[PDB]
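**Q** The structure that follows is given in the form of structure tokens.
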Amino acid sequence: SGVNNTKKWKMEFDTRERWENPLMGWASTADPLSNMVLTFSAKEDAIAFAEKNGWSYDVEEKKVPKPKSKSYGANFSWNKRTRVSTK
Amino acid sequence: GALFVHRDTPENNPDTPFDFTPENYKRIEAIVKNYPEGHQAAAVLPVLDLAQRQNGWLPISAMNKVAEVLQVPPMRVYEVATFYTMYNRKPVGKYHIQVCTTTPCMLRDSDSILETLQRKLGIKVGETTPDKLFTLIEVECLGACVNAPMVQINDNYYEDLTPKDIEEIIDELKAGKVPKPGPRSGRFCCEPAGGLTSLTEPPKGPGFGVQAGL
Amino acid sequence: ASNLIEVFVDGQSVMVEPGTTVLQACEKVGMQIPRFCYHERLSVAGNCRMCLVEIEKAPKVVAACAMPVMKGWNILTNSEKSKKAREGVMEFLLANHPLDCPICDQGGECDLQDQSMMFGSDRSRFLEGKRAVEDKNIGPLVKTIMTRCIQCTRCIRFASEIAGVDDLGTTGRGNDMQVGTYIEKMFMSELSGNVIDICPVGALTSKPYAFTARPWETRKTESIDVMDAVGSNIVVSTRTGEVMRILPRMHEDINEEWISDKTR
Amino acid sequence: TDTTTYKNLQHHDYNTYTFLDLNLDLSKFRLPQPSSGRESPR
Amino acid sequence: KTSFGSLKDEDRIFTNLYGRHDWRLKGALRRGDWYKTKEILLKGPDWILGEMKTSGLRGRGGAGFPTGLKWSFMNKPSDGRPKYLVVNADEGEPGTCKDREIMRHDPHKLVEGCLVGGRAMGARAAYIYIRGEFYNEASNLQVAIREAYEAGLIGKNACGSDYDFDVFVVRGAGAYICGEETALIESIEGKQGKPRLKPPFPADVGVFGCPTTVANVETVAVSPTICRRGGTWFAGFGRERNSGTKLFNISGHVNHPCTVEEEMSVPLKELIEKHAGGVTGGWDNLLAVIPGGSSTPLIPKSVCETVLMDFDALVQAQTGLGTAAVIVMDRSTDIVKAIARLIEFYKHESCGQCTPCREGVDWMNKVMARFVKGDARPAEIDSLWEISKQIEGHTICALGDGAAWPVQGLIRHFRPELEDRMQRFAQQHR
Ligand SMILES: Cc1cc2nc3c(=O)[nH]c(=O)nc-3n(C[C@H](O)[C@H](O)[C@H](O)COP(=O)(O)O)c2cc1C
Ligand code: SF4
Ligand code: SF4
Ligand code: SF4
Ligand code: FES
Ligand code: FES
Ligand SMILES: [K+]
């Protein structure tokens, strides 16, 4: 339920092939640019970094939770369907 | 003590024969009519108690029957039956002796009552006699604390008990007659022993001390 | 300020709607009150008592998940009373929590472990023996190890309100209260992996995912479910180039916080 | 106006169905119950 | 007045406490019940609430909250919902029998009080939630209710005052937690007896989501006598802010364990050797007293010498006046065993909904078991004190507070006893 990991913007790369090592079965890769992510304070700062380094970027807008109408008295409603059958 | 989970047994499978008698159905209808419309699901406890009073204990088939009668979830019925302590989820004897061993009953020495019941019935606490006439358990406060020590057998209160007195109560139960409940130390109720320290004078009656303008 | 009230949190003013809880005001200002039983898509239960905070000029701590702010309250979230309440509640939980962290599927995804490290104490005054609860068999999808359960009724509220099955519940009383089904009932319906999602402890784990990987091992890839046509957003967790788990994504316009069992 | 004798003995001859039968007998004296607007909360 | 006690029998309210007179409608009418009830209801709600406020009657349940204000919380226009008066006759507290006694021996005062309170708040029904073990008491209450219905005091014309009132009796199934207000509300609503959080208060959301008010049997039963004889008389009895008569249940190590009705602010000593016949062995043989039921801490003899029986007096004595259950323990009492049995009772009766009470009260039961055995070390006394302070004020209802308080009293007073027990166990072990 923690939300502290949803505060900073992140840039990652497209995933490439991770095949199987013949000797041990380890996950072997060929790209270098896979295990890295970059952290940013702002979407426009991340976009500026991407255009400065010449990488084609897909930007996704921030998904914030919609505010909810929470009330403890709805669990014991006289006529509404929000009355709970148990606690 | 008991386990709050269900295991199917040949005596407590969900196919054991339980159904309400027509007069019990009339009583259930009376309870539902007492409760409001749309909140008739509040009748879970009285209908479950009526099922217990009909059948002795409460099998899983009786729980499901109460659930389908009241159109309430069987899980809610199970929750009620497992939360509340007066619903017997296992078969008990004809006489269910509950001995109160809470602190003032302990002060008035209900331990002697418990040990003499154990010796007289030949059983430990929480178990049933082989002839299925007596079950003996310890319970919390039963609401009669100045009358300590005390037991409750079925719906009857036996108070001011000595070991000899509870021996005659057990003998009367074995003989099959009504043990005439109440205190057994010669006093009628919670009044002080050896005299009445209050309410000696007759009550004043109607229209006494009524204020003006009323 | 029409249809709005002013409330203070750590001396910082904020404007909230009437009926807004203390926890909602705190997440509005930008901090997260500790929680175990509160879920923003379930009904308010208020039993875990982790969200107790101190209001200024008030000698009684209040539960942030249930108490609504009225007017001009000062919510002292990092106060000494709030810290002591959080420490006491977490040590009460870990008194009878089983000592099962290495063999637990909720290895690094444990709210109990995390919030214990964050707010609780670091030692134990429990010199007694813990309680142990027998395990249920609600289905081959959800593996139940009910010793780890902290009785937050999240699964019960979810099954009652969203799944709409009314099959789970609390049987018993006191320390012996057990969450589950009274009889051996197979808990299979739609959206039945979200109990594995929203159970904070590792009481309700995923049987196909059982004893496979760890959250620090798994890499998260944001993708779209295609098993049905709802197009629910998912996170595919892959470790060492192999798909390990499917998790939902918070998208309020498509699937909220849940995915179907076929998807999962 | 006797005061030396216990006179609650009516509770001695009470069977296991006394409360329920008297509730059933008394049910015809009650006012109609209010309606919640639905048959059940479902 | 300065010295209290010596209540007169003509001023005593419960004139049939011992059941020596008839408890039916004829006996109630002979003793003065159901008198000018139609005049009371025609005087109406505001007059009754003013009478309660001038009485200054507090809750007999143990909460201690002013009955006048608590009943005036429902002096509102209806929002399309019914309003309910609920009576608590659970009597869970150990040491207490007063509500059982007054329901069994004088139930028409209870029915008249239900009618008076329902008219005062504005209500259509009073649900009397009785303990399930009180089968004979519930049947007697039902007999009295049927007598009132046949006499026309209840139902479609409340004593001819053009007021529709119903009285229901609902039985529990043995839960001290269902003795509580909101858990009682849920028990009436049919769910398992777990208290709900406040807000919403029962004056806004109670049983079935309707505005309700839960009131004690003693409070409801003294309501119509208060209305008939006036609030000034009830306020004149007792001290300031602790006024009126009170049913004290004296039990334990006393010569005559009894329930008596006595004026408030009576000295505890005077009460004990006036109605209980004295402590077994004497006041020198007295060791400790729990004055306000098992949710209140213990007090030793040195402070029992001159303590009064007020809410404020017991608060100043670091205790409370709950259901006026005076449990008396003499020099031969195993005091740690008594308190540990109380904590075991609280462990068995906690509903387990909320974590501090559930886990902590189980923990304190285990710790006090080891304290009775002597199997601990003196740092665990302070550890148990901190556990009790962590439970108290962090729970949903006041069962956690009522379980933490007796251990707090035992640690505060009889700490050398615990240290001596641990020392004895240590020197016998090695
Ligand atoms: C755990 C718990 C149990 C209680 N049990 C009872 C009980 O059995 N009977 C009772 O009259 N009050 C009981 N009370 C006190 C109630 O709060 C009180 O009766 C109720 O609020 C009515 O208020 P009153 O005292 O003003 O009438 C209990 C309180 C708590 C916290
Ligand atoms: S759920 Fe319990 S056992 Fe599992 S990681 Fe968390 S604290 Fe450890
Ligand atoms: S199983 Fe999990 S979700 Fe359910 S009550 Fe227990 S801890 Fe909460
Ligand atoms: S304090 Fe105890 S009895 Fe009260 S709600 Fe919490 S668990 Fe239940
Ligand atoms: S303590 Fe035993 S009846 Fe109350
Ligand atoms: S999060 Fe509020 S009590 Fe659990
Ligand atoms: K989980």
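Basis: the model, the stated rules and, where named, an outside source; these are not laboratory values. Positions of Cβ are backbone-derived with ideal geometry, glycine not excepted, and every protein chain shown enters the neighbour counts.
**Q** Check residue E:418 against each of (1) buried (at least 20 other Cβ atoms within 10 Å of the Cβ); (2) away from chain C (no Cβ under 14 Å); (3) farther than 18 Å from residue C:128 by Cβ and name the one condition it does not meet.
**A** All conditions are met except number (3).
Residue-wise test of (1) of a type in the set (S, T, N, Q); (2) in contact with a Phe, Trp or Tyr (Cβ under 8 Å, 6 or more places away or on another chain); (3) more than 16 Å from ligand 1 (Cβ to nearest atom).
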{"site": "C:152", "(1), (2), (3)": "no, yes, yes"}
{"site": "C:159", "(1), (2), (3)": "no, yes, yes"}
{"site": "C:250", "(1), (2), (3)": "no, no, yes"}
{"site": "C:255", "(1), (2), (3)": "yes, no, yes"}
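**Q** From the set of residues in the stretch A:6-33 that are of a type in the set (S, T, N, Q) and facing chain C (nearest Cβ under 10 Å), which is farthest from residue A:49 (Cα to Cα)?
**A** My answer is A:28.
**Q** Here's something else I'd like to know. Would you please name the residue that is farthest from the other protein chains (Cβ to nearest Cβ), looking only at residues in the stretch E:194-217 that are within 18 Å of residue C:153 (Cβ to Cβ) and more than 10 Å from ligand 1 (Cβ to nearest atom)?
**A** So the residue we want is E:196.
**Q** (1) without any contact (Cβ under 8 Å) to a residue 12 or more places away in the chain; (2) over 30 Å from residue E:195 (Cβ atoms): which one isn't true of residue A:34, the others all being true?
**A** (1)
**Q** Which of the helices (runs of 4 or more DSSP H) found entirely inside the stretch E:5-64 contain at least 3 residues meeting this: in contact (Cβ under 8 Å) with a residue 40 or more places away in the chain, away from chain B (no Cβ under 11 Å) and crowded, with 24+ Cβ neighbours inside 10 Å?
**A** Hits in the stretch E:5-64: E:45-55.
**Q** Separate question: How many residues, within the stretch E:370-391, are closer than 21 Å to residue B:111 by Cα and facing chain C (nearest Cβ under 9 Å)?
**A** The total comes to 1.
**Q** Could I ask something else about it? State all residues of the stretch C:243-261 that are of a type in the set (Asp, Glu) and part of a loop (DSSP other than H, G, I, E, B); if no residue qualifies, say none.
**A** Passing the criteria: C:252, C:253, C:257, C:261.
**Q** How many of the residues in the stretch C:154-166 are more than 16 Å from ligand 2 (Cβ to nearest atom) and buried (at least 22 other Cβ atoms within 10 Å of the Cβ)?
**A** Residues in the stretch C:154-166 being more than 16 Å from ligand 2 (Cβ to nearest atom) and buried (at least 22 other Cβ atoms within 10 Å of the Cβ): 5 in total.
**Q** Anything in the stretch A:28-73 that is part of a helix (DSSP H, G or I) and under 24 Å from residue C:253 (Cα atoms)? List them, or say none.
**A** A:43
**Q** Continuing with the same structure: Would you be able to say whether some residue in the stretch C:83-90 is within 16 Å of ligand 7 (Cβ to nearest atom) and closer than 27 Å to residue E:194 by Cβ? It would help to see each step written out before you state the result.
**A** Looking only at the stretch C:83-90, we keep the residues that are within 16 Å of ligand 7 (Cβ to nearest atom), and these are none.
Taking every residue of the stretch C:83-90 in turn, none turns out to be within 16 Å of ligand 7 (Cβ to nearest atom) and closer than 27 Å to residue E:194 by Cβ.
**Q** Going through the stretch E:130-141 one residue at a time, which ones are of a type in the set (S, T, N, Q) and within 12 Å of chain B (Cβ to nearest Cβ)?
**A** Applying the first criterion (of a type in the set (S, T, N, Q)) to the stretch E:130-141 yields E:136, E:139-140.
Those that are of a type in the set (S, T, N, Q) and within 12 Å of chain B (Cβ to nearest Cβ): E:136, E:139.
**Q** Every residue in the stretch E:249-286 that is at the interface with chain B (Cβ under 10 Å from one of its Cβ atoms) and in a strand (DSSP E or B), please.
**A** Scanning the stretch E:249-286 gives E:249, E:250, E:251, E:252, E:254, E:258, E:259, E:260, E:261, E:262.
**Q** Also: Within the group C:89, C:9, which residue is within 30 Å of residue C:160 (Cα to Cα), away from ligand 5 (no atom under 16 Å from the Cβ) and buried (at least 22 other Cβ atoms within 10 Å of the Cβ)?
**A** Answer to the selection: C:89.
**Q** Name the residues in the stretch E:144-157 that are part of a helix (DSSP H, G or I) and at the interface with another protein chain (Cβ under 9 Å from one of its Cβ atoms), would you?
**A** Scanning the stretch E:144-157 gives E:145, E:146, E:149, E:150.
**Q** Also: Look at residue E:27 and say whether it is over 17 Å from residue E:226 (Cβ atoms) and either of a type in the set (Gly, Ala, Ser) or outside the structural domain of residue E:225 (by CATH) (or both).
**A** Yes: the conditions hold for residue E:27.
Okay, residues lined up against (1) within 14 Å of chain C (Cβ to nearest Cβ); (2) buried (at least 18 other Cβ atoms within 10 Å of the Cβ):
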position: E:305; (1), (2): no, no
position: E:312; (1), (2): no, no
position: E:326; (1), (2): no, yes
position: E:344; (1), (2): yes, yes
position: E:348; (1), (2): yes, yes
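**Q** Does residue E:162 count as charged (D, E, K, R) and either without any contact (Cβ under 8 Å) to a residue 40 or more places away in the chain or within 16 Å of ligand 2 (Cβ to nearest atom) (or both)?
**A** yes
**Q** Determine if the stretch E:158-173 includes at least one residue that is aromatic (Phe, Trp, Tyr) and either at positive phi or in a helix (DSSP H, G or I) (or both).
**A** Looking through the stretch E:158-173, none of the residues is aromatic (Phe, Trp, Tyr) and either at positive phi or in a helix (DSSP H, G or I) (or both).
**Q** Something else now. Within the stretch B:149-162, is even one residue hydroxyl-bearing (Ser, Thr, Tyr), outside the structural domain of residue B:57 (by CATH) and not in a strand (DSSP E or B)?
**A** Applying the first criterion (hydroxyl-bearing (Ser, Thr, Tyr)) to the stretch B:149-162 yields B:157-158, B:162.
Of the ones still in play, those that are also outside the structural domain of residue B:57 (by CATH) are B:157-158, B:162.
If we keep only those that are not in a strand (DSSP E or B) too, we end up with B:162.
Yes, because at least one residue in the stretch B:149-162 is hydroxyl-bearing (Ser, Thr, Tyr), outside the structural domain of residue B:57 (by CATH) and not in a strand (DSSP E or B).
**Q** Oh, and also: Got a sec? Which of C:205, C:170 is in the same structural domain as residue C:106 (by CATH) and surrounded by 24 or more Cβ atoms within 10 Å (Cβ to Cβ)? Even if it seems obvious, please write down each step before you answer.
**A** Working: C:205 fails: surrounded by 24 or more Cβ atoms within 10 Å (Cβ to Cβ).
Result: C:170 is the single residue among C:205, C:170 that is in the same structural domain as residue C:106 (by CATH) and surrounded by 24 or more Cβ atoms within 10 Å (Cβ to Cβ).
**Q** Where the second residue is in a helix (DSSP H, G or I) and among the aromatic types (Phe, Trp, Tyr) and the first is within 30 Å of residue E:84 (Cβ to Cβ) and facing chain D (nearest Cβ under 8 Å) and lies in the stretch B:15-37, which pairs have Cβ atoms under 8 Å and are six or more apart or on separate chains?
**A** Listed by first residue and then by second, the contacts come to B:36/E:208.
**Q** Can you find even one residue in the stretch C:127-150 that is hydroxyl-bearing (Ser, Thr, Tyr) and part of a helix (DSSP H, G or I)? Give the steps one after another, and end with the answer.
**A** Taking the stretch C:127-150 as the starting set, the residues that turn out to be hydroxyl-bearing (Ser, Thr, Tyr) are C:144, C:147.
Narrowing further to those that are part of a helix (DSSP H, G or I): none.
Taking every residue of the stretch C:127-150 in turn, none turns out to be hydroxyl-bearing (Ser, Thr, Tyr) and part of a helix (DSSP H, G or I).
**Q** Right, something else. What pairs come out if I take residues in the stretch C:42-56 that are more than 18 Å from residue C:84 (Cα to Cα) and β-branched (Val, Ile, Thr) and pair them with residues that are part of a loop (DSSP other than H, G, I, E, B) and more than 16 Å from ligand 1 (Cβ to nearest atom) whose C-beta lies under 8 Å away, six or more apart or interchain?
**A** C:44/A:70; C:44/A:71; C:44/C:38; C:44/C:65; C:44/C:66
**Q** Continuing with this model, one more query. So, restricting to strands (runs of 3 or more DSSP E) that lie completely within the stretch C:186-242, which ones have at least 2 residues that are more than 21 Å from residue C:169 (Cα to Cα) and out of contact with any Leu (no Cβ under 8 Å at 6 or more places or on another chain)?
**A** Values: elements: C:204-206, C:219-224, C:233-238.
The qualifying strands (runs of 3 or more DSSP E) are C:219-224, C:233-238.
**Q** Within the stretch B:92-111, is even one residue in contact (Cβ under 8 Å) with a residue 60 or more places away in the chain and more than 12 Å from every other protein chain (Cβ to nearest Cβ)?
**A** So far as the stretch B:92-111 goes, yes, one or more of its residues are in contact (Cβ under 8 Å) with a residue 60 or more places away in the chain and more than 12 Å from every other protein chain (Cβ to nearest Cβ).
**Q** OK, next. Test residue C:84 against the stated conditions and say whether it is surrounded by fewer than 21 Cβ atoms within 10 Å (Cβ to Cβ) and not in a loop (DSSP other than H, G, I, E, B).
**A** yes
**Q** Right, something else. Going by the conditions given, is residue C:94 farther than 20 Å from residue C:196 by Cα, under 19 Å from the mean Cα position of the chain (by Cα) and within 10 Å of ligand 2 (Cβ to nearest atom)?
**A** So residue C:94 fits the description; yes.
**Q** Just to be sure I understand, how many residues within the stretch C:28-43 are in a loop (DSSP other than H, G, I, E, B) and either surrounded by fewer than 16 Cβ atoms within 10 Å (Cβ to Cβ) or of a type in the set (A, V, I, L, M, F, W, C) (or both)?
**A** 7
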